[PDB]
Each structure stands twice: as structure tokens, then as C-alpha cells.
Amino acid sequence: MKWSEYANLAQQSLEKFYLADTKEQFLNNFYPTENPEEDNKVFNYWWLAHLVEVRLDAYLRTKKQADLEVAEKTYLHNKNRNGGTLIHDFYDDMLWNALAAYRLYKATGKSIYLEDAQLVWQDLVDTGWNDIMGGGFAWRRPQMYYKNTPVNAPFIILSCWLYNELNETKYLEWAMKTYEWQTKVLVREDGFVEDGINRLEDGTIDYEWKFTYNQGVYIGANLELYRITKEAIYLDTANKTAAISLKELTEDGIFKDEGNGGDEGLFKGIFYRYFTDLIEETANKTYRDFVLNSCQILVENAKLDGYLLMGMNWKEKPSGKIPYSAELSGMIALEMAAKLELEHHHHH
């Protein structure tokens, strides 16, 4: 089965294992789910933001209107569960949705999605930044002193996208301002990206919170700025972050576990997305093979009744309670493998 076909199977697998009993819920958070009521209490607004993105990946691959519709329907379901707006207490949850909104805008051409993305950017600029810890956007409204990567890196990406779209200087200025702070405060000399700082109001960094998605979004931020500025530092930094990530976060061809919590299940999917952008920008065949080889391990072990149930550890057979966040990273990885399989040419 080709990668494009595995991506299609992955797309179908989500509802196979997560379709909820009611249309209102849409998807159960876990599989299996012995007690739906309790397991579904948490509204994973940010998980759904990434589902919109993976549904869009399928559309970009197929060009089928039906696929774009599933993406839009998903986005509206999420926005409406959140009260008919993208505004949320967690600045990062908002950003993931703003990124999905922009991609939806580019695919549908509907102005409401661009306005949604712009509104999120504006809300962060108007309320999320302060000079505690020297700058940076805060994690959530009730904790304005805690500055972390999940908020700052995605904001840089959103700012760059908005800059290219609207051509207003404020977008590039904020992208640069945020990048400078992010790099100075949360990035290691060798390119490793720390999760955040001052979470406990003690001014320290969570060094042991080594997560793949922090590396991924920093790579994306660098590539977006490289596209706009063309300064070597951005491409060089993207490469260093990618290299250190593979060196310290992987083992035996796959990424090591990052935690049994639900949210962590989505982390490596996010890395794969921006890591794939680096691959296309640099034509790095070693990194290209890492993606394809890791996906091979996933498919050789995630089979379940003809479909794919993809947990946190890609080498192990599907076991225990699995959040669809993990399912999403598997789906993202396969869509990336499928894209790589098309051998798109970007540079000679």
C-alpha cells in the first residue's frame, strides 16, 4: 500500500475508533471509552484544531470538494462548541485554531476564516504580552507571568503568514520581536527548544519538559522568517533544531514516549508537519528517510481490523486507553509521508 493510500486509511480510521454516540459530541476523546460521559468531560478545543489541519492535508492531496467540506464542517463544529468564537482562556489553544483558520481561508477563500485568524493574532497582541521574564506571550489569561513555546512559536508562524497575506509591517515586526525573545530566553545554543519559563513564578525553565512539538513549531517559525528575510541564521537554526531533536528525542527509528497524558499524544504529529517543511526546503534525504522509515514502523504495528489505531509508541501494538490526539499525530505523519512520496520539487 502506497503512502497516499495509508494516508487515506488513516483519514478513515479516526471515526472508526472515535465516532461518538451523539452528533453534538462528534468524537470521543479516547478509545476504548468505558465511561463516555466522564472521559468526554474535557473539550479538547486544540485537538480539533489539528483535526481541521489533517482534514485539509487530505484535501490538498485529493483536491476533492468532499474532503474540503469535512474540514470546514470540523472547524465550525469546534468553533461552535467553543461558543461561536475562537477566543479562549489558553492563548496557545487559540493559536492552533488560528493557524487552522488561515489554512481554511486559503483553501475556501471565505473571509470569515481570515478574520478569525486575524482576531486571534490581535487578541494576543492586545492582551497576552508583557515584560515579565523580559517579554514573550503568556500561556493563559489567569497566569500572565508564565511564558512558553507553545504560545510564542506558533504566534511567529501566524504573524508571518498574515504578513505575506496582508503585507502590513506590524505582522513582521511582531514576528521578529517574538522570535528575538523566544530565541534568547527559550532556545539552547545547539538549537534545542525549552518548553517554557517561570511556570511556578521562580524564574526557572522546565528543562526536563523536552517535547517534540516545541522543536517543530520553532522549525516552522524559522522557515517562515527565512522565506521572508532570506537571512542564513534562520535556515541554519532550523537545521540545528531538527538535528538535535533527532539526536536526543528519537530511539530505534521512532520518537521516544513523551508522557501518558492526553495532550502529549499530539506532540510528535506537530513536529512531523514542520519537520517535513524543512525536508522540502532542504531536500535532506536523511531526514526524508527518517519520516518514511518511522511511518513504516507505525503501519507495521498499528493495524487493527484493517484500520489504523495509532498510539504514542509506534513500535508497540495498540494497547490501553488511546486519546485521538495520538491518532492525529499518526494521521499527520502519514499525510506528510504521502506528500514526500509525490517528490515535489522546490529547488534545483
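Counting begins at 1, following the sequence as shown.
Two stretches are in play, 93-101 and 135-143, and the higher mean C-alpha B-factor belongs to 135-143. Looking at mean Cα B-factors across 291-299 and 62-70, the upper value is held by 62-70. As recorded in the entry, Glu165 carries the highest CA temperature factor of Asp202, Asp123, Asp116, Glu165. Per the PDB record, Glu189 has a higher Cα B-factor than any other of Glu224, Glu189, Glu180, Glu173. Annotation for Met312: C-alpha temperature factor in the highest third relative to the rest of the modelled chain, per the entry. Annotation for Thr22: C-alpha temperature factor in the highest third relative to the rest of the modelled chain, per the entry.
Compared with the other modelled residues of the chain, the Cα B-factor recorded for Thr33 ranks in the highest third. In the deposited entry, the Cα temperature factor of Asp277 sits in the middle third of values across the chain's modelled residues.
For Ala238, the recorded CA B-factor ranks within the middle third of the chain. Only modelled residues enter the ranking.
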